[PDB]
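Take a look at the structure below.
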There are 2 protein chains.
Amino acid sequence: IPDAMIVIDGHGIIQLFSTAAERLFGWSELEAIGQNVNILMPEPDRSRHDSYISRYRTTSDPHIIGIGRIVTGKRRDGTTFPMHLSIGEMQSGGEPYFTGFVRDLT
Amino acid sequence: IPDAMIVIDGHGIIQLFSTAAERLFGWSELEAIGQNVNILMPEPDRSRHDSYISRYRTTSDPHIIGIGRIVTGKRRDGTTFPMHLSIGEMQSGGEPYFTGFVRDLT
Ligand code: HEM
Ligand code: HEM
Ligand SMILES: [Cl-]
């Protein structure tokens with residue numbers, strides 16, 4: 001069974017939500033697509049997350065991309081869990097997309 | 001954004017296989033994982049595909065990465081189809097992975 005996988009666009013909007021992401025986070029892919037990825041985390045990260053993406057696009061200075069971090073995730077039901085996050089960047093049709101891989105540490 | 005997404009490791013081994021990829025290629029994620037991505041393409045690309053990955057790891061000079069290409073995919077039943085392929089490079093746990101988006105052009 002693989003880890004959860006999520007794809008966002010350059011403004012943090014979820015574009016793809018894997019089957020393992022559905023199970024872990026509780027949202028169906030249809031529900032998750034079109035929402036900001038910030039729904040998947042507690043405060044204060046949630047309020048700050050757009051700024052993290054914007055800063056990266058401005059500076060190209062990675063903090064988690066290619067680096068990884070243990071962080072706290074938040075499920076649809078409101079409960080939280082420890083998770084490892086890896087992130088990649090790619091271009092498709094001239095626009096940036098970020099792919100995140102989420103390992104449930106519980 | 002194409003709906004079909006495939007993730008491979010630095011040796012071409014499938015790590016993740018999204019639901020649209022499963023539908024398009026006719027393989028379960030549970031079955032695709034651990035197989036070489038070369039199962040998804042006809043010859044001659046199939047038997048050259050490892051060399052493409054290894055040459056990229058050597059040179060860091062993209063061919064398809066960041067650019068895209070129309071290529072031929074192969075379903076489990078042997079039938080083929082035109083597809084647009086987009087690819088990005090990423091790192092997780094200090095190892096390279098490749099994120100591929102597949103657009104069926106049928
Ligand atoms: C769901 C739990 C998540 C948490 C708690 C979280 C938290 C964070 C934090 C704290 C940063 C800033 C790092 C720093 O400046 O110290 C960050 C950056 C970023 N995150 Fe999230 N994130 C989560 C999920 C995701 C996912 C799933 C993606 C991609 C699909 C993603 C994409 C990004 C991007 C593109 C950046 C900016 C690049 C970078 O700083 O390396 N995040 N995230
Ligand atoms: C299934 C249909 C596919 C076909 C027919 C195909 C074919 C090719 C071709 C023709 C090249 C360029 C060879 C050259 O430079 O001479 C290539 C390179 C490459 N492909 Fe595949 N590919 C397919 C799927 C994928 C997928 C899904 C991924 C990733 C998940 C992937 C990862 C790579 C990588 C990492 C390279 C080398 C880097 C680059 O070209 O920039 N391929 N592939
Ligand atoms: Cl990582």
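Naming scheme: A, B, ... for chains in displayed order of the structure tokens; residues 1 onward per chain; ligands 1 onward as shown.
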
Identify, on the basis of only C-alpha atoms, every residue whose closest approach to stretch 28-31 of chain A does not exceed 10 Å; exclude the query and any residue fewer than 6 positions from it along the same chain; express the result as a list in words.
residues 6, 14, 15, 16, 17, 18, 19, 21, 22 and 76 of chain A

Give the residues of chain B that lie within 9 Å of chain A; count only C-alpha atoms, and format the answer as a VMD selection string.
chain B and resid 1 to 3 5 15 to 19 29 to 30 33 65 to 68 86 to 94 97 to 99 101

Let's have the selection written as an mmCIF file, in the first residue's frame, with N, CA, C and O atoms.
```cif
data_model
loop_
_atom_site.group_PDB
_atom_site.id
_atom_site.type_symbol
_atom_site.label_atom_id
_atom_site.label_comp_id
_atom_site.auth_asym_id
_atom_site.auth_seq_id
_atom_site.Cartn_x
_atom_site.Cartn_y
_atom_site.Cartn_z
ATOM 1 N N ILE B 1 -4.176 20.251 -16.288
ATOM 2 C CA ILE B 1 -3.556 19.078 -15.600
ATOM 3 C C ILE B 1 -4.145 17.764 -16.130
ATOM 4 O O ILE B 1 -5.369 17.607 -16.157
ATOM 5 N N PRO B 2 -3.287 16.834 -16.611
ATOM 6 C CA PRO B 2 -3.817 15.514 -16.975
ATOM 7 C C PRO B 2 -4.262 14.772 -15.719
ATOM 8 O O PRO B 2 -3.737 15.033 -14.637
ATOM 9 N N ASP B 3 -5.213 13.857 -15.850
ATOM 10 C CA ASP B 3 -5.704 13.181 -14.657
ATOM 11 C C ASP B 3 -4.893 11.943 -14.307
ATOM 12 O O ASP B 3 -4.919 11.495 -13.171
ATOM 13 N N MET B 5 -1.595 9.972 -13.420
ATOM 14 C CA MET B 5 -0.286 10.258 -12.861
ATOM 15 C C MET B 5 0.408 8.982 -12.439
ATOM 16 O O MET B 5 -0.222 8.105 -11.845
ATOM 17 N N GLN B 15 6.098 3.346 -8.339
ATOM 18 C CA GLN B 15 5.868 3.563 -6.898
ATOM 19 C C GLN B 15 4.407 3.883 -6.604
ATOM 20 O O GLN B 15 3.873 3.501 -5.559
ATOM 21 N N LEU B 16 3.795 4.638 -7.521
ATOM 22 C CA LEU B 16 2.410 5.080 -7.396
ATOM 23 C C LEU B 16 1.772 5.100 -8.774
ATOM 24 O O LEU B 16 2.434 5.375 -9.774
ATOM 25 N N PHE B 17 0.476 4.824 -8.821
ATOM 26 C CA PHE B 17 -0.234 4.677 -10.076
ATOM 27 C C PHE B 17 -1.643 5.201 -9.812
ATOM 28 O O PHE B 17 -2.439 4.559 -9.105
ATOM 29 N N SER B 18 -1.960 6.390 -10.329
ATOM 30 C CA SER B 18 -3.234 7.031 -9.968
ATOM 31 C C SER B 18 -4.436 6.310 -10.591
ATOM 32 O O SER B 18 -4.255 5.511 -11.515
ATOM 33 N N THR B 19 -5.642 6.612 -10.126
ATOM 34 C CA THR B 19 -6.806 5.877 -10.620
ATOM 35 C C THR B 19 -7.020 6.066 -12.113
ATOM 36 O O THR B 19 -7.387 5.110 -12.803
ATOM 37 N N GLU B 29 -3.139 -0.315 -9.466
ATOM 38 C CA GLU B 29 -1.989 0.221 -8.747
ATOM 39 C C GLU B 29 -1.300 -0.887 -7.953
ATOM 40 O O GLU B 29 -0.081 -0.960 -7.922
ATOM 41 N N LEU B 30 -2.085 -1.771 -7.342
ATOM 42 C CA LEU B 30 -1.497 -2.829 -6.529
ATOM 43 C C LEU B 30 -0.633 -3.777 -7.345
ATOM 44 O O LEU B 30 0.303 -4.386 -6.820
ATOM 45 N N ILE B 33 2.651 -1.361 -9.079
ATOM 46 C CA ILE B 33 3.727 -1.053 -8.136
ATOM 47 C C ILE B 33 4.755 -2.181 -8.094
ATOM 48 O O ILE B 33 4.403 -3.358 -7.947
ATOM 49 N N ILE B 65 11.570 15.886 -19.704
ATOM 50 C CA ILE B 65 11.346 16.657 -18.478
ATOM 51 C C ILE B 65 11.289 18.144 -18.782
ATOM 52 O O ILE B 65 12.176 18.700 -19.447
ATOM 53 N N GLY B 66 10.222 18.781 -18.306
ATOM 54 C CA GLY B 66 10.029 20.218 -18.437
ATOM 55 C C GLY B 66 9.577 20.671 -19.807
ATOM 56 O O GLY B 66 9.354 21.872 -20.019
ATOM 57 N N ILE B 67 9.455 19.715 -20.738
ATOM 58 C CA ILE B 67 9.155 20.019 -22.146
ATOM 59 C C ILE B 67 7.890 19.329 -22.648
ATOM 60 O O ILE B 67 7.011 19.970 -23.237
ATOM 61 N N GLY B 68 7.818 18.021 -22.426
ATOM 62 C CA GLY B 68 6.660 17.229 -22.834
ATOM 63 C C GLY B 68 6.881 16.595 -24.192
ATOM 64 O O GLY B 68 7.704 17.060 -24.976
ATOM 65 N N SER B 86 4.188 14.352 -19.685
ATOM 66 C CA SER B 86 4.911 15.416 -18.959
ATOM 67 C C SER B 86 5.638 14.747 -17.800
ATOM 68 O O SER B 86 5.059 13.858 -17.178
ATOM 69 N N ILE B 87 6.854 15.189 -17.481
ATOM 70 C CA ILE B 87 7.647 14.546 -16.431
ATOM 71 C C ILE B 87 8.382 15.608 -15.628
ATOM 72 O O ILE B 87 8.890 16.599 -16.182
ATOM 73 N N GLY B 88 8.466 15.377 -14.321
ATOM 74 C CA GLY B 88 9.294 16.191 -13.458
ATOM 75 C C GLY B 88 10.181 15.294 -12.623
ATOM 76 O O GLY B 88 9.927 14.080 -12.483
ATOM 77 N N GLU B 89 11.252 15.890 -12.114
ATOM 78 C CA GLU B 89 12.164 15.220 -11.212
ATOM 79 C C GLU B 89 11.881 15.718 -9.812
ATOM 80 O O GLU B 89 11.519 16.885 -9.602
ATOM 81 N N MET B 90 12.020 14.819 -8.849
ATOM 82 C CA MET B 90 11.966 15.210 -7.449
ATOM 83 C C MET B 90 12.855 14.314 -6.609
ATOM 84 O O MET B 90 13.431 13.346 -7.113
ATOM 85 N N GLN B 91 12.966 14.660 -5.332
ATOM 86 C CA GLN B 91 13.760 13.890 -4.391
ATOM 87 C C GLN B 91 12.931 13.583 -3.139
ATOM 88 O O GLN B 91 12.233 14.453 -2.619
ATOM 89 N N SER B 92 12.980 12.335 -2.670
ATOM 90 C CA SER B 92 12.345 11.963 -1.394
ATOM 91 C C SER B 92 13.294 11.023 -0.658
ATOM 92 O O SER B 92 13.710 10.010 -1.219
ATOM 93 N N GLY B 93 13.637 11.346 0.585
ATOM 94 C CA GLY B 93 14.633 10.560 1.318
ATOM 95 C C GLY B 93 15.987 10.495 0.637
ATOM 96 O O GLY B 93 16.693 9.489 0.735
ATOM 97 N N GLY B 94 16.361 11.567 -0.052
ATOM 98 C CA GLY B 94 17.661 11.647 -0.725
ATOM 99 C C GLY B 94 17.795 10.851 -2.018
ATOM 100 O O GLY B 94 18.886 10.783 -2.592
ATOM 101 N N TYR B 97 13.015 10.576 -7.686
ATOM 102 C CA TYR B 97 11.779 10.008 -8.195
ATOM 103 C C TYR B 97 11.361 10.854 -9.365
ATOM 104 O O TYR B 97 11.799 11.990 -9.501
ATOM 105 N N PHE B 98 10.541 10.278 -10.228
ATOM 106 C CA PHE B 98 10.008 11.016 -11.369
ATOM 107 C C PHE B 98 8.505 10.948 -11.381
ATOM 108 O O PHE B 98 7.904 9.878 -11.194
ATOM 109 N N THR B 99 7.914 12.115 -11.592
ATOM 110 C CA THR B 99 6.468 12.274 -11.581
ATOM 111 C C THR B 99 6.026 12.459 -13.026
ATOM 112 O O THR B 99 6.475 13.389 -13.701
ATOM 113 N N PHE B 101 2.854 12.776 -15.810
ATOM 114 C CA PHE B 101 1.457 12.978 -16.157
ATOM 115 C C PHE B 101 1.188 12.497 -17.564
ATOM 116 O O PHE B 101 1.977 12.764 -18.487
#
```

Least-squares Cα fit of chain A to chain B, output as a compact mmCIF listing (two decimals) with N, CA and C atoms, in the first residue's frame:
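Printed below is part-v1.txt as written:
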```
# COMPACT_ATOMS: atom_id res chain seq x y z
N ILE A 1 -12.12 15.52 -14.56
CA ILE A 1 -11.31 14.27 -14.46
C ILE A 1 -9.86 14.57 -14.84
N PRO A 2 -8.92 14.29 -13.93
CA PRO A 2 -7.55 14.64 -14.26
C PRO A 2 -6.91 13.59 -15.15
N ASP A 3 -5.74 13.94 -15.67
CA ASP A 3 -4.93 13.02 -16.45
C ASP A 3 -4.27 12.02 -15.53
N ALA A 4 -3.78 10.95 -16.12
CA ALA A 4 -3.07 9.90 -15.42
C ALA A 4 -1.76 10.42 -14.87
N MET A 5 -1.38 9.88 -13.72
CA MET A 5 -0.17 10.27 -13.03
C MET A 5 0.54 9.02 -12.54
N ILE A 6 1.85 8.99 -12.74
CA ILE A 6 2.68 7.83 -12.38
C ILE A 6 3.95 8.34 -11.72
N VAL A 7 4.36 7.69 -10.62
CA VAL A 7 5.64 8.05 -9.99
C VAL A 7 6.56 6.86 -10.10
N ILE A 8 7.79 7.08 -10.56
CA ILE A 8 8.82 6.03 -10.55
C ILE A 8 10.01 6.43 -9.68
N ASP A 9 10.74 5.42 -9.23
CA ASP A 9 12.01 5.69 -8.55
C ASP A 9 13.14 5.87 -9.57
N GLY A 10 14.36 6.03 -9.07
CA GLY A 10 15.51 6.33 -9.91
C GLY A 10 15.95 5.19 -10.82
N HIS A 11 15.29 4.05 -10.70
CA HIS A 11 15.59 2.92 -11.58
C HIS A 11 14.39 2.49 -12.40
N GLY A 12 13.37 3.34 -12.43
CA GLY A 12 12.29 3.13 -13.35
C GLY A 12 11.17 2.30 -12.76
N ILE A 13 11.26 1.99 -11.47
CA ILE A 13 10.23 1.16 -10.84
C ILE A 13 9.05 2.01 -10.39
N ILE A 14 7.85 1.64 -10.82
CA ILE A 14 6.64 2.36 -10.44
C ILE A 14 6.40 2.31 -8.93
N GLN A 15 6.18 3.48 -8.35
CA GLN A 15 5.92 3.64 -6.91
C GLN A 15 4.48 4.06 -6.60
N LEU A 16 3.85 4.73 -7.56
CA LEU A 16 2.49 5.26 -7.39
C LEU A 16 1.84 5.24 -8.76
N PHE A 17 0.56 4.86 -8.80
CA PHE A 17 -0.15 4.74 -10.07
C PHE A 17 -1.55 5.28 -9.79
N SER A 18 -1.87 6.44 -10.38
CA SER A 18 -3.09 7.17 -10.00
C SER A 18 -4.34 6.45 -10.49
N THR A 19 -5.50 6.90 -10.02
CA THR A 19 -6.75 6.25 -10.46
C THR A 19 -6.93 6.41 -11.97
N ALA A 20 -6.66 7.60 -12.50
CA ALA A 20 -6.74 7.81 -13.96
C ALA A 20 -5.72 6.95 -14.72
N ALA A 21 -4.55 6.71 -14.13
CA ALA A 21 -3.57 5.79 -14.78
C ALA A 21 -4.13 4.38 -14.83
N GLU A 22 -4.79 3.96 -13.75
CA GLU A 22 -5.41 2.62 -13.72
C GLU A 22 -6.39 2.47 -14.87
N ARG A 23 -7.25 3.46 -15.04
CA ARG A 23 -8.29 3.38 -16.04
C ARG A 23 -7.69 3.38 -17.45
N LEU A 24 -6.71 4.26 -17.68
CA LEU A 24 -6.12 4.44 -18.99
C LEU A 24 -5.31 3.20 -19.38
N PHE A 25 -4.38 2.82 -18.50
CA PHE A 25 -3.45 1.72 -18.81
C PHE A 25 -3.99 0.34 -18.48
N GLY A 26 -5.01 0.24 -17.64
CA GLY A 26 -5.64 -1.06 -17.37
C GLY A 26 -5.10 -1.82 -16.18
N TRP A 27 -3.89 -1.51 -15.75
CA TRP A 27 -3.30 -2.13 -14.56
C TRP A 27 -3.87 -1.51 -13.27
N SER A 28 -4.09 -2.32 -12.23
CA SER A 28 -4.43 -1.75 -10.93
C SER A 28 -3.14 -1.15 -10.40
N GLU A 29 -3.29 -0.22 -9.46
CA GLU A 29 -2.09 0.33 -8.84
C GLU A 29 -1.28 -0.78 -8.16
N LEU A 30 -1.92 -1.73 -7.50
CA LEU A 30 -1.13 -2.80 -6.87
C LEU A 30 -0.32 -3.58 -7.89
N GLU A 31 -0.93 -3.87 -9.04
CA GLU A 31 -0.20 -4.55 -10.12
C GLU A 31 0.94 -3.69 -10.65
N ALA A 32 0.69 -2.40 -10.83
CA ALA A 32 1.69 -1.55 -11.47
C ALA A 32 2.88 -1.30 -10.55
N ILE A 33 2.60 -1.06 -9.27
CA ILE A 33 3.69 -0.80 -8.32
C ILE A 33 4.65 -2.01 -8.29
N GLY A 34 5.94 -1.72 -8.36
CA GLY A 34 6.96 -2.76 -8.35
C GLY A 34 7.39 -3.21 -9.73
N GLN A 35 6.63 -2.83 -10.75
CA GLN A 35 7.02 -3.14 -12.12
C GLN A 35 7.78 -1.95 -12.70
N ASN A 36 8.63 -2.23 -13.67
CA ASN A 36 9.30 -1.19 -14.42
C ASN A 36 8.29 -0.44 -15.28
N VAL A 37 8.43 0.88 -15.33
CA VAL A 37 7.55 1.72 -16.14
C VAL A 37 7.62 1.33 -17.62
N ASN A 38 8.67 0.60 -18.01
CA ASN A 38 8.77 0.17 -19.40
C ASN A 38 7.66 -0.76 -19.86
N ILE A 39 6.86 -1.27 -18.93
CA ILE A 39 5.73 -2.12 -19.31
C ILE A 39 4.61 -1.31 -19.97
N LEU A 40 4.69 0.02 -19.85
CA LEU A 40 3.63 0.91 -20.29
C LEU A 40 3.84 1.44 -21.70
N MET A 41 4.79 0.87 -22.43
CA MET A 41 5.13 1.36 -23.76
C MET A 41 5.46 0.21 -24.69
N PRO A 42 5.24 0.43 -25.99
CA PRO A 42 5.66 -0.53 -27.02
C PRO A 42 7.17 -0.55 -27.23
N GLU A 43 7.62 -1.53 -28.00
CA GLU A 43 8.98 -1.54 -28.51
C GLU A 43 9.09 -0.53 -29.64
N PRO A 44 10.28 0.07 -29.84
CA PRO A 44 11.55 -0.17 -29.14
C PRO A 44 11.77 0.62 -27.85
N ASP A 45 10.88 1.55 -27.53
CA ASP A 45 11.04 2.35 -26.31
C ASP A 45 11.17 1.45 -25.09
N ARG A 46 10.38 0.38 -25.04
CA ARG A 46 10.36 -0.49 -23.87
C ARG A 46 11.75 -1.02 -23.55
N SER A 47 12.42 -1.55 -24.56
CA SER A 47 13.77 -2.11 -24.39
C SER A 47 14.80 -1.03 -24.06
N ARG A 48 14.57 0.18 -24.55
CA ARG A 48 15.52 1.28 -24.39
C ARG A 48 15.30 2.14 -23.14
N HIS A 49 14.15 1.99 -22.50
CA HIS A 49 13.76 2.98 -21.49
C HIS A 49 14.71 3.07 -20.29
N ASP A 50 15.20 1.93 -19.80
CA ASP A 50 16.16 1.95 -18.68
C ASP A 50 17.37 2.78 -19.06
N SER A 51 17.83 2.63 -20.30
CA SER A 51 18.97 3.40 -20.77
C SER A 51 18.67 4.91 -20.80
N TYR A 52 17.43 5.29 -21.11
CA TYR A 52 17.08 6.72 -21.08
C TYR A 52 17.21 7.27 -19.67
N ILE A 53 16.72 6.50 -18.69
CA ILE A 53 16.77 6.97 -17.30
C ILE A 53 18.21 7.05 -16.81
N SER A 54 19.00 6.02 -17.12
CA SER A 54 20.41 5.96 -16.71
C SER A 54 21.24 7.09 -17.32
N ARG A 55 20.99 7.40 -18.59
CA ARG A 55 21.70 8.48 -19.28
C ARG A 55 21.39 9.82 -18.63
N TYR A 56 20.12 10.02 -18.26
CA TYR A 56 19.69 11.27 -17.62
C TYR A 56 20.36 11.44 -16.26
N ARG A 57 20.45 10.34 -15.51
CA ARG A 57 21.08 10.39 -14.20
C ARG A 57 22.58 10.68 -14.31
N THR A 58 23.21 10.20 -15.38
CA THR A 58 24.62 10.44 -15.64
C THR A 58 24.88 11.87 -16.14
N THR A 59 24.05 12.33 -17.08
CA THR A 59 24.31 13.59 -17.79
C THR A 59 23.56 14.79 -17.23
N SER A 60 22.38 14.55 -16.66
CA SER A 60 21.46 15.61 -16.22
C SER A 60 20.95 16.44 -17.41
N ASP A 61 21.05 15.87 -18.61
CA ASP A 61 20.56 16.50 -19.83
C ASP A 61 19.15 15.99 -20.12
N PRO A 62 18.15 16.87 -19.94
CA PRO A 62 16.77 16.44 -20.13
C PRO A 62 16.39 16.39 -21.61
N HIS A 63 15.51 15.44 -21.92
CA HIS A 63 14.91 15.30 -23.25
C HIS A 63 13.39 15.43 -23.22
N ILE A 64 12.75 14.85 -22.21
CA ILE A 64 11.31 15.05 -22.00
C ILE A 64 11.04 15.82 -20.70
N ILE A 65 11.83 15.57 -19.65
CA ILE A 65 11.66 16.30 -18.39
C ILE A 65 11.59 17.83 -18.63
N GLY A 66 10.49 18.45 -18.21
CA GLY A 66 10.29 19.89 -18.37
C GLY A 66 10.05 20.35 -19.79
N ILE A 67 9.96 19.37 -20.69
CA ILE A 67 9.94 19.61 -22.14
C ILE A 67 8.67 19.04 -22.78
N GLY A 68 8.35 17.79 -22.47
CA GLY A 68 7.14 17.13 -22.96
C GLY A 68 7.28 16.53 -24.34
N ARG A 69 6.54 15.47 -24.59
CA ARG A 69 6.54 14.83 -25.89
C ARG A 69 5.29 14.00 -26.11
N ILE A 70 4.82 14.00 -27.35
CA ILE A 70 3.84 13.01 -27.78
C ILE A 70 4.52 11.68 -28.12
N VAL A 71 4.06 10.62 -27.46
CA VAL A 71 4.64 9.28 -27.59
C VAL A 71 3.51 8.27 -27.66
N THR A 72 3.86 6.99 -27.84
CA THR A 72 2.87 5.93 -27.84
C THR A 72 2.91 5.15 -26.52
N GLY A 73 1.75 5.03 -25.90
CA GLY A 73 1.58 4.19 -24.71
C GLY A 73 1.01 2.83 -25.05
N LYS A 74 1.13 1.90 -24.10
CA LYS A 74 0.63 0.53 -24.29
C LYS A 74 -0.16 0.12 -23.06
N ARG A 75 -1.37 -0.38 -23.28
CA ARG A 75 -2.23 -0.80 -22.19
C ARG A 75 -1.93 -2.24 -21.79
N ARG A 76 -2.43 -2.63 -20.62
CA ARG A 76 -2.35 -3.98 -20.12
C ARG A 76 -2.89 -5.00 -21.13
N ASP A 77 -3.88 -4.59 -21.91
CA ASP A 77 -4.50 -5.52 -22.86
C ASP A 77 -3.68 -5.66 -24.15
N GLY A 78 -2.59 -4.90 -24.24
CA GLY A 78 -1.69 -4.95 -25.39
C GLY A 78 -1.94 -3.93 -26.47
N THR A 79 -3.02 -3.16 -26.35
CA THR A 79 -3.34 -2.15 -27.36
C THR A 79 -2.55 -0.87 -27.08
N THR A 80 -2.36 -0.04 -28.10
CA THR A 80 -1.55 1.17 -27.99
C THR A 80 -2.39 2.42 -28.24
N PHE A 81 -1.90 3.56 -27.75
CA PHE A 81 -2.61 4.81 -27.92
C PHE A 81 -1.62 5.97 -27.91
N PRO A 82 -1.94 7.06 -28.63
CA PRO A 82 -1.13 8.28 -28.58
C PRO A 82 -1.35 9.01 -27.27
N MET A 83 -0.27 9.54 -26.70
CA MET A 83 -0.34 10.21 -25.40
C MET A 83 0.68 11.32 -25.32
N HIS A 84 0.34 12.37 -24.58
CA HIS A 84 1.35 13.36 -24.25
C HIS A 84 1.91 13.04 -22.88
N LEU A 85 3.22 13.19 -22.76
CA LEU A 85 3.95 12.89 -21.54
C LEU A 85 4.70 14.11 -21.05
N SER A 86 4.44 14.49 -19.80
CA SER A 86 5.26 15.47 -19.10
C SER A 86 5.93 14.76 -17.95
N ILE A 87 7.11 15.22 -17.55
CA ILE A 87 7.82 14.57 -16.46
C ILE A 87 8.47 15.61 -15.56
N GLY A 88 8.36 15.38 -14.25
CA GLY A 88 9.09 16.17 -13.24
C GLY A 88 10.02 15.29 -12.43
N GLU A 89 10.95 15.93 -11.74
CA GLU A 89 11.88 15.24 -10.86
C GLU A 89 11.76 15.87 -9.48
N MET A 90 11.84 15.02 -8.46
CA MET A 90 11.92 15.50 -7.09
C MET A 90 12.77 14.56 -6.25
N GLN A 91 13.18 15.05 -5.08
CA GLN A 91 13.92 14.26 -4.12
C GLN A 91 12.98 14.01 -2.94
N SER A 92 13.02 12.79 -2.41
CA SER A 92 12.33 12.49 -1.17
C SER A 92 13.23 11.54 -0.39
N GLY A 93 13.56 11.92 0.84
CA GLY A 93 14.45 11.13 1.68
C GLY A 93 15.79 10.86 1.02
N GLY A 94 16.30 11.85 0.28
CA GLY A 94 17.63 11.74 -0.33
C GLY A 94 17.73 10.95 -1.63
N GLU A 95 16.60 10.45 -2.13
CA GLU A 95 16.60 9.73 -3.41
C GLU A 95 15.73 10.41 -4.46
N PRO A 96 16.10 10.27 -5.75
CA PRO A 96 15.30 10.85 -6.83
C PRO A 96 14.02 10.07 -7.17
N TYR A 97 12.98 10.81 -7.55
CA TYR A 97 11.73 10.26 -8.04
C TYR A 97 11.23 11.08 -9.20
N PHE A 98 10.67 10.41 -10.18
CA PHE A 98 10.15 11.09 -11.37
C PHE A 98 8.64 10.94 -11.44
N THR A 99 7.95 12.06 -11.66
CA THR A 99 6.50 12.02 -11.75
C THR A 99 6.12 12.28 -13.20
N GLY A 100 5.36 11.37 -13.78
CA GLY A 100 4.94 11.53 -15.16
C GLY A 100 3.45 11.79 -15.23
N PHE A 101 3.07 12.70 -16.11
CA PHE A 101 1.67 13.03 -16.35
C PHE A 101 1.35 12.64 -17.76
N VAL A 102 0.30 11.85 -17.91
CA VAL A 102 -0.05 11.23 -19.18
C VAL A 102 -1.43 11.69 -19.61
N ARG A 103 -1.48 12.33 -20.77
CA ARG A 103 -2.73 12.79 -21.38
C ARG A 103 -3.06 11.88 -22.55
N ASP A 104 -4.21 11.22 -22.48
CA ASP A 104 -4.67 10.32 -23.54
C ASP A 104 -5.14 11.18 -24.70
N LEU A 105 -4.43 11.09 -25.83
CA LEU A 105 -4.78 11.95 -26.97
C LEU A 105 -5.95 11.45 -27.80
N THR A 106 -6.37 10.20 -27.57
CA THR A 106 -7.54 9.67 -28.27
C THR A 106 -8.79 10.32 -27.67
```
